[PDB]
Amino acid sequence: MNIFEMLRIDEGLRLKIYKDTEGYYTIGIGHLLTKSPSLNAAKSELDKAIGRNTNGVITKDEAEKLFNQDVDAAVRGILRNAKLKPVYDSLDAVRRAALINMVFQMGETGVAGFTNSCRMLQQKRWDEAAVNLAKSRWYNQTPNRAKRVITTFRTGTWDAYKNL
């Protein structure tokens, strides 16, 4: 298991524009196109992201290219962020993947706001961090995914993803 396989499980793969859990236009492996309610605004963002007139459909290779870009942007984003970099540097490799997963889903600003959870992760208080992370809109809105990410921070193993 690695971050790519973990996110593929959590996000799925869809080659036509769809709406995510929040109702936003998305494509591929969790690639948000726009928060706008217009399908035409979403098709324009998609064509710009891919570099051709797609008419709302992409290939598997194009979805994987967007995914590679998005993972790389999440990692570079964490490492440029003064609040997240210290947390990332403190963690083992499995727990680093759980932090990337959260940034990929929420964005850097959303994760930097989990102030108390950050501090507990930096202190290696795994069970206390797990409890604090679950007291969130994130957990209440996507509990199965959140439970897998929380388990990963609690244990430092891939157990929540093995058998999927």
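Numbers follow the displayed sequence, beginning with 1.
Chemist: Decide which of the stretches 134-142 and 56-64 has the higher mean C-alpha B-factor, going by the entry.
Modeler: Looking at the record's C-alpha B-factors, the answer is 56-64.
Chemist: Can you tell me whether 46-54 has a higher mean C-alpha B factor than 94-102 in this record, or the other way round?
Modeler: Between 94-102 and 46-54, it is 46-54 that shows the higher mean C-alpha B-factor.
Chemist: Considering every modelled residue of the chain and its Cα B-factor in the PDB entry, is residue 108 in the lowest, middle or highest third?
Modeler: For residue 108, whose C-alpha B-factor we compare with every modelled residue in the chain, the answer is the highest third.
Chemist: Using only modelled residues of the chain, where does the Cα B factor of residue 163 rank: lowest third, middle third or highest third?
Modeler: Ranked within chain, residue 163 CA B lands in the highest tercile.
Chemist: For residue 125, does the deposited CA B-factor place it in the lowest, middle or highest third of the chain?
Modeler: Its C-alpha B-factor belongs to the middle third of this chain's values.
Chemist: Could you look up the Cα B-factor of residue 148 in the entry and say which third of the chain it sits in: lowest, middle or highest?
Modeler: For residue 148, whose C-alpha B-factor we compare with every modelled residue in the chain, the answer is the lowest third.
Chemist: If you rank the chain by CA B-factor, which third does residue 118 end up in: lowest, middle or highest?
Modeler: Highest third of the chain for residue 118's C-alpha B-factor.
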